[PDB]
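# heads up, no residue letters with this:
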Ligand SMILES: *[C@@H]1O[C@H](CO)[C@@H](O[C@@H]2O[C@H](CO)[C@@H](O[C@@H]3O[C@H](CO[C@H]4O[C@H](CO[C@H]5O[C@H](CO)[C@@H](O)[C@H](O)[C@@H]5O[C@H]5O[C@H](CO)[C@@H](O)[C@H](O)[C@@H]5O)[C@@H](O)[C@H](O[C@H]5O[C@H](CO)[C@@H](O)[C@H](O)[C@@H]5O[C@H]5O[C@H](CO)[C@@H](O)[C@H](O)[C@@H]5O)[C@@H]4O)[C@@H](O)[C@H](O[C@H]4O[C@H](CO)[C@@H](O)[C@H](O)[C@@H]4O[C@H]4O[C@H](CO)[C@@H](O)[C@H](O)[C@@H]4O[C@H]4O[C@H](CO)[C@@H](O)[C@H](O)[C@@H]4O)[C@@H]3O)[C@H](O)[C@H]2NC(C)=O)[C@H](O)[C@H]1NC(C)=O
Ligand SMILES: CCO/N=C/c1ccc(OCC[C@@H](C)CCN2CCN(c3ccnc(N)c3)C2=O)cc1
């Protein structure tokens, strides 16, 4: 595994399980990626995050 | 061996000897499965299991 | 090497050098077998084995 | 927060033992013994009889090394059987314009259907294989596109349609000079098992005679539509057939049931011929002869 | 010189007790007891 | 110790003193849905007494020329009692059943029955007789209810499957020289853990006389067959207004 870092997914800490045969990383498999999701930057991107139980407009 | 658990035979303790080349477990070999059989749930599924030697209706 | 013992040559102590790719042993190579021969069960299968040097009918 | 004793007080019988070979027969001798009788069973219990060889006849020590691996479900079902045939003729009535929508129902041919109707619920992966050729048998340099249309996707309505762009559907482009296209298919049903038998109706409401067509039709089994066209704007100059073979792997089957003895007549219903109910076996003239 | 288990596995009920005299008759009493019956035999 | 039994659940008990034995269908008791299996996210109702009762349903007379009957469960109990009220309000449903069928006769009558279960007992037709017209069975042959329905061709069980190998499925015999009743405890068998109680009928209770009834004239000619059933470990979910069908 002495390939170049050519893939368009470089920019995370963990690597992926992509098998590759050429010396270029963009020719690799798509593989399986990390199942991390962050819905709070699209669902509730408010400044001061209010909880569920309280009334939102105190 | 960094595949997903996609096969329709997940649900036992032991795995099988199935060789796989893709990242999905349902694309694997059928392999050889465990030779465990339980005939007593179809042959004699009685509540209080009577033995061979005794008369069945005491 | 997690194959079934399906080959028609099971019945000896030593195995053979047969490469196999499927899970069934009868699909394997013929390989090379043991160079043991026993000519004395076809040549001289007599009850009381007489030697070379003596006359056979004392 | 209670003072009652009713609420505070408010599991399988069989163990699967490993059995690689059939069981041995230990040595028995004669027995002249009252009280215990291994022959006289009670069949009205509804149990199969647990009488063995040794307690009926004097037997010898037989080390049974006969393997029970051929009779597992993964060795009984993992054989590719013919489950579908798709015709793409040059001129005719049935698909004259070089496309065919075959909805995936593998109960259309009576050798694969007969085996998998032994069990009620089956959960399996499958690998389909699409052996395609001219009706005379020969292979012709013709390109085909197979695509799998799930329930809800747009069915392609013509050869030169827009649904053949396969932006998200899986599709296979194979020509007939190639070996048969073989792809593996997971367990896709919403339920935990493909049930071959659904005694019930899918929809609510009153059930009149006009909508008895839904009886026995479970939506957990109908998994879409398999579509195939000859790749091109013009019409292809070859008549085609596409035979579909599937073998099942990673099989789990539940709840056995009696195997069909009358001829199959339709798909997705057990309708049988009424005047032609034939006996399940052969027959003889008298019982006291052979 | 065998490997079979059939061949390798291949008597009076009464004891003569000494009785010089006829047996004695021990003391019995009445009995009002179900379950056990000494009279009803099976000939 | 096997001929005599007593089955008490709910507020209703049944005694039998010439039973055969209780068989538990597929070797396991009916149980509640674990949280590994459940997908509905509302808390189920579990009445636990008011619906776990032996409901005595109907009485079929068995004469010398009968064919056989079948009852689709649980549609025998969606018109009866607090089970029939909870199954009409609630969309989802699961339960097991303790199925007890009585048929007494004298010690001079003879004959045997095969009371058997089978899951997903779908009903075919005679296909227009010659076998060319796709006729579907009506709603009353499909789901007869507590009235039951009589088999037309019991050799093929109206489904193209022979009765000679019905004995695979959970069953026991009522032959009138030995026993007079047949208890069959059936768990909940279905793929998905709850289902609708009005559409899907999980199994059918085939009761077929194989060896026919026979008695010399002078004995009692009326030999009834009554089936009593008890939903065990029943629970419902998805409350809405009453549907009847
Ligand atoms: C118009 O015109 C028209 C024309 O005619 C008409 O019509 C009509 O109508 C009428 C009225 O309805 C009618 O009559 C009636 O009839 C009926 C019927 O009959 C029929 O049927 C039968 C049946 O059978 C069955 O069963 C048996 C047993 O039982 C068996 O064996 C068999 O097999 C069968 O089975 C089946 O079925 C079932 C059902 O349930 C099922 O389940 C199963 O599975 C199976 O499938 C029959 O049998 C019959 O037969 C007959 O015929 C033949 C010929 O071929 C012969 O062979 C025979 O033998 C017979 O005969 C006999 O019988 C009859 C009776 O049955 C007599 O009659 C004569 O004579 C001789 O003897 C048939 O087919 C019936 O039922 C009825 O009867 C009744 O009534 C009378 C008067 O009315 C009297 O007399 C009698 O006795 C009776 O009574 C009884 O019943 C009731 C009701 O049910 C009751 O309630 C009472 O109580 C009584 O009982 C008693 O007695 C008995 C004795 O008998 C005893 O057993 C008991 O226990 C008790 O004690 C009547 O008759 C007619 O039919 C018609 N027609 C024709 C032609 O058909 C009209 O009407 C006009 N219009 C005006 C306006 O008029
Ligand atoms: C390029 C893309 O290539 N794609 C290939 C491809 C192949 C197969 C495929 O899906 C296969 C589905 C089968 C595995 C199971 C069929 N089943 C389930 C039970 N069932 C029943 C149940 C009760 N009554 C009736 N009548 C039928 C039935 O017929 C999808 C895609």
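Nice, thanks for sending it over. Numbering: from 1, shown residues only, chains lettered A, B, ... in the order given. Ligands and ions are numbered 1, 2, ... in the order given.

# the residue in chain F positioned nearest to chain C: neighbour count?
Nearest to chain C in chain F, going by CB to the nearest CB, is residue F:168, at a distance of 29.5 Å. The way it works is simple: take the backbone N, C-alpha and C, and place the C-beta from them, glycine included. The number of residues packed near residue F:168 is 15, by other CB atoms under 10 Å in any protein chain shown.

# please apply the same query to the one 3 residues further on.
Counted by other CB under 10 Å, the residues lying close to residue F:171 total 19.

# one more: residue F:109?
By other CB under 10 Å, the residues close to residue F:109 number 17.

# same question for the one 4 residues further on.
Residue F:113 has 26 neighbours, counted by other CB under 10 Å.

# same question for residue D:6.
Residue D:6 has 9 neighbouring residues, counting by other CB under 10 Å.

# what do you get for the one 10 residues further on?
Residues near residue D:16, counting by other CB under 10 Å, number 13.

# list the contacts for the closest residue to it other than its chain neighbours?
Computed as CB to CB, 6 or more residues apart in numbering or on different chains, the closest residue to residue D:16 that is not its neighbour in sequence is residue B:38, at 3.9 Å. Residues near residue B:38 by CB atoms under 8 Å, 6 or more residues apart in numbering or on different chains: D:14-17, F:27.

# the biggest strand by length in chain D pairs with which strands, parallel or anti?
When chain D is parsed with DSSP state E, its longest strand is strand D:240-256. For strand D:240-256, the pairing partners within the sheet under DSSP bridges are strand D:81-88 (antiparallel), strand D:119-133 (antiparallel).

# closest to ligand 2 out of those?
The minimum distance between ligand 2 and the strands paired with strand D:240-256 falls on strand D:119-133, with 4.1 Å, by CB to the nearest ligand atom.

# quick check, the closest one touching ligand 2?
Yes: counting by CB under 6 Å from any ligand atom, ligand 2 has neighbours in strand D:119-133: D:126, D:128.

# after that strand, next one along is what?
Counting by DSSP states H and E, the next helix or strand C-terminal to strand D:119-133 is strand D:143-149.

# what lines up beside the helix or strand just after that next one in the sheet?
Using DSSP H and E, the helix or strand that follows strand D:143-149 in sequence is strand D:171-175. Strand D:171-175 has the following strand partners under DSSP bridges: strand D:143-149 (antiparallel).

# turn the strands paired with strand D:240-256 into CSV, columns for mean neighbour count.
Compiled in CSV, the strands paired with strand D:240-256 are given as follows (neighbours: other CB atoms under 10 Å in any protein chain shown):
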stretch, mean neighbour count
strand D:81-88, 18
strand D:119-133, 21
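
# quick one: contacts for the nearest residue to residue D:29 once chain neighbours are set aside?
Nearest residue to residue D:29 in three dimensions, chain neighbours excluded: residue D:58, at 6.1 Å (CB to CB, 6+ apart). If a contact means CB under 8 Å, 6+ apart, then residue D:58 has D:28-30 as its contacts.

# quick one, helices of chain F?
Assigned by DSSP state H, the helices in chain F fall at F:81-89, F:139-142.

# can you list contacts of the first one?
Going back to what we said before, that points to helix F:81-89. The contact list for helix F:81-89 (CB under 8 Å, 6+ apart) reads F:45, F:47, F:50-51, F:53, F:55, F:74, F:77-78, F:93, F:197-198, F:231, F:234, F:236, F:239-244.

# gap between it and the chain center?
18 Å (CA atoms, centre = their mean, to the nearest Å).

# ligand 1 contacts on chain F?
Contact residues, chain F versus ligand 1 (CB under 6 Å from any ligand atom): F:63, F:65-67.

# coming back round to it: mind putting the contacts of residue D:58 in CSV, neighbour count included?
What follows is the contacts of residue D:58, written out as CSV (neighbours: other CB under 10 Å):
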residue, neighbour count
D:28, 17
D:29, 10
D:30, 7
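
# in CSV, list those residues along with distance to residue F:84 and secondary structure.
CSV is the format used below for the contacts of residue D:58 (distance: CB to CB, whole Å; DSSP: H, G, I helix; E, B strand; the rest coil):
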residue, distance to residue F:84, secondary structure
D:28, 56, coil
D:29, 61, coil
D:30, 61, coil
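
# stretch D:187-196 vs chain F: in contact?
Yes: interface with chain F: stretch D:187-196 contributes D:190-193, D:195-196 (CB under 8 Å from any CB of the partner chain).

# pick the one among those residues closest to chain C.
Closest approach between the residues of stretch D:187-196 next to chain F and chain C, by CB to the nearest CB: residue D:193, at 26.5 Å.

# quick one: that closest one from residue A:30, how far?
Separation of residue D:193 from residue A:30 (CB to CB, to the nearest Å): 31 Å.

# backbone phi and psi for the residue of chain A found nearest chain F, please?
Shortest chain A-to-chain F distance, computed as CB to the nearest CB: residue-wise this is residue A:52, at 16.7 Å. Torsion angles at residue A:52 (phi, psi; degrees, to the nearest 10) stand at phi -70, psi -40.

# how about residue F:211: what's its closest non-neighbour residue?
residue F:112 (4.0 Å).

# count the residues that sit near that neighbour.
Residues near residue F:112, counting by other CB under 10 Å: 18.

# picking up where we left off before, only the buried residues of the longest strand of chain D, if you could.
By neighbour count with 16 or more other CB atoms under 10 Å in any protein chain shown, strand D:240-256 contains the buried residues D:240-242, D:244-255.

# distance of the residue positioned nearest the centre of chain D relative to residue D:106?
Nearest residue to the geometric centre of chain D (CA atoms, centre = their mean): residue D:116, 3.2 Å. Residue D:116 sits 8 Å away from residue D:106, going by CB to CB.

# residue farthest from the centroid of the chain?
You didn't pick a chain, so chain A it is. Chain A, farthest from centre, CA atoms, centre = their mean: residue A:58 at 35.6 Å.

# you looked at the wrong chain, it should be chain F
In chain F, residue F:218 marks the outermost C-alpha relative to the chain mean, sitting 32.8 Å out by CA atoms, centre = their mean.

# pretty sure the residue nearest to residue F:211 contacts residue F:208?
No: assessed by CB atoms under 8 Å, residue F:112 is found out of contact with residue F:208, at 9.8 Å.

# mind checking the SS state of the closest residue in space to residue D:187 that isn't next to it in sequence?
Closest residue to residue D:187 apart from its sequence neighbours, by CB to CB, 6+ apart: residue B:8 at 3.9 Å. Secondary structure, DSSP: H, G, I helix; E, B strand; the rest coil: residue B:8 is coil.

# can you check residue D:113 too?
helix.

# for the residue nearest to it when sequence neighbours are not counted, what are its contacts?
Spatial nearest neighbour of residue D:113, excluding adjacent residues (CB to CB, 6+ apart): residue D:107 at 4.7 Å. In this structure, residue D:107 makes contact with D:113, D:117, D:196, D:267-268, judged by CB under 8 Å, 6+ apart.

# what's the answer for residue D:141, then?
Counting by CB under 8 Å, 6+ apart, residue D:141 touches D:175-177.

# same thing with residue D:18?
Contact analysis of residue D:18 by CB under 8 Å, 6+ apart lists B:34-36.

# pipe the residues you listed into a markdown table and attach secondary structure per row.
Listed next are these as a markdown table, based on three-state DSSP:
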| residue | secondary structure |
| --- | --- |
| B:34 | coil |
| B:35 | coil |
| B:36 | strand |
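
# which of the residues you listed count as buried?
Here, 16+ other CB under 10 Å leaves nothing buried among the contacts of residue D:18.

# buried sites along stretch F:167-183?
By neighbour count on 16+ other CB under 10 Å, the buried set for stretch F:167-183 is F:167, F:169-176, F:178-183.

# list the ones among the residues you listed that fall in strands.
F:171-175, F:181-183.

# any idea which of those is the one closest to residue F:103?
Nearest to residue F:103 among these is residue F:174, at 5.2 Å by CB to CB.

# and the gap between residue D:102 and chain C?
As judged by CB to the nearest CB, to the nearest Å, residue D:102 and chain C stand 32 Å apart.

# look up which residues are beta-bridged to the closest residue to residue F:121 other than its chain neighbours.
For residue F:121, ignoring the flanking residues on the chain, the nearest one in space by CB to CB, 6+ apart is residue F:204 at 3.4 Å. Beta bridges link residue F:204 to residue F:72, residue F:118 when assigned by DSSP bridges.
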